[PDB]
Structures are given as C-alpha cells and as structure tokens.
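Take a look at this one chain, the form deposited in one PDB entry, written out in structure tokens.
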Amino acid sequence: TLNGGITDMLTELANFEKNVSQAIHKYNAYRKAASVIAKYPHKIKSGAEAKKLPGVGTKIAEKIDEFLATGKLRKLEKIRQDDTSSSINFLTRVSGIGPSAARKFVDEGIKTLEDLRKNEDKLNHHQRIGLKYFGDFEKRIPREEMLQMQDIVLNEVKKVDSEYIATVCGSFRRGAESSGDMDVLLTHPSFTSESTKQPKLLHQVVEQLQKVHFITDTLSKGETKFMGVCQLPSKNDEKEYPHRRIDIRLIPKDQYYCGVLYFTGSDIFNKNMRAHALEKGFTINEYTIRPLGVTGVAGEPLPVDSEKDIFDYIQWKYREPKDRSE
C-alpha cells in the first residue's frame, strides 16, 4: 500500500499490454517496474525519483508524474471506457481463455458471462471448466484451508506409496496468509534424470485423489504435469467450499531443488533470477543449472545438493522463501 496507487496503475497497464496489445514484453516491463516500486521503502514524490530504480524508465516516469499530480492516468481512463478492450480483458479472467481466444470471442459477439454460458459449444474443455468455476477460481484460499488441503494430499499420496514425497510450494511455502491456488511438487525414487523405472507414477496419484473426491476436475494431464481442480470436503448443513485450482508436477528426484526453487516462486523472482543467471553465464530451469559457452550452447548440469547452492553460482545471498514474495 505504500505506493499502491502507482503499482496498481502499472499493473493495470501490464494487464492491458498482455491481454489487449498482446505485447508480452511490455507486460513484463510493467510488472518488473511494479515489483521494484512495491519493495521501495519511501513514499515516491516524483517520477525522477522512481527513474533511479532499475526497470523504471522515461515513459513510466512521465506516467508516475501524471498520477502524482492528478490522481489518475489519461491513457487508462480511455482504456477503461473502450468497450472492446474491457470485454477482451474480462474474458481472459476465465481460466483457459488467453489474449488470443478472448479477441476471437469478442469479434463474434461473445462479450459477457451470459454469452459464454450459452455458447459452451465454442469453448474447449479447459475453458469450459474455468467458466464453470469462474467465481470460485477468483476467491483466494485462506492459509487454514491450504493446511487442510496439504494434509489430504500428503496422506493420500502416502497411501499410494510411502516412497513418494509431496511438497506444497507456491505462495504457501513463502508463508503467505492466503493463496491463489495449490502447487504440488511430487518426487519418487523410480523417476530420476537417468531412468523411469515405473510408469503411471503421476497417474496413480491423480486417480487416488479423484477416488476420494479431492480432485473433482482435470484441465490437462501428461506424464509429468497435472493441472486441475480440487475441493475440501464440507460438514453437514454447511455451504460447500469453493473449488480450487491445483497443479501437480512430477519432477526427477535428483533434480528436486532446482524443482522446488522453481515452484516456490514468485513468478517475478524466478524471472529476475533466471534473467540474472543469464547475465552471469548460466541457465536455470526447473531441472538443472547449466553454464553457457560463447555460442549460446548450454553446458552439462552443475552439481546441486541444496536450494542455497543455486543462489551461490549466480552470486546471490540466500533468500528464504518468505523473502521471495513480490
């Protein structure tokens, strides 16, 4: 809230570039700016003051100038009244409709929740589930409920095979008091970078979670990654809990820390960490950290036995999950 007006403003423009301009690099640029301003511990008095931050430049500065003086932004007022823009922006709030489909729907006269709800035959499976649980997917998950979802998931995973480890990552592991969804990192000794000795390792976990009515829906599902919906059981004469987005990723056990670094986030922390490693001659994915030879070719994986080790290689002081939030 310190520069809340400013970071709200920038985030809105970020969402505009992504969903309407389909300009993914302007999106990121505005998000980087937002991020850096949020962490800045003085009430910003001018654009010039903000320009001294990395990722804030000439044009965001002018925008901050206009906002400080008048309390709003002309470019945004216009965007707020452009019907098309607002309609394309709204439809992307549905899980499974990105900038492209949203623009296609709006060209065909589909602009509202009602339009969607009586054109189910035009949506793919994912888009349909997102529509179905549209309101639920935008409620946040209190940490108390995340703690119950974690208990179910670990216990059921345990029940399929005691050798599995499941770790709830995302904002939950960063200690947040509320979460947007649930991210589960799954490992098992039969799946490593060198061999897959059992098949259905992810499937059997999903199947067990569906069997106890915890996973209610499936958005997509391959061998290593599941994306879907889950729900806590409710007691008698109570309202049902909202349905919730759940992601489960099966990662090679020997690449656990690159993996858990990756799903712990935040999204911008990773982007800033991958972007900083690139500048120091490495590349990081969910799997490995590798060096970069002059040609742009990735060297062979470096040894890693902790989250901390990854931070060393790119000359960063270890930051606890709590301190990786935006």
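Start at 1 and count along the sequence shown; that's the residue number. Heads up, when I say rigid core I mean the largest set of C-alphas that superpose within 1.5 Å between the two forms.
Here the subject shifts to the form deposited in another entry, a form of this protein not shown in this document.
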- Item | Residue among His125, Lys221, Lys104, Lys197 with C-alpha shift of 2 Å or more between this form and the one not shown, core superposed | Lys197
- Task: Can you tell whether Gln198 sits closer to or farther from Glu223 in the other entry than it does here, judged by CA atoms, where the change is 3 Å or more?
- Result: closer
- Item | Direction of C-alpha distance change in the other entry, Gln198 to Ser220 (at least 3 Å) | closer
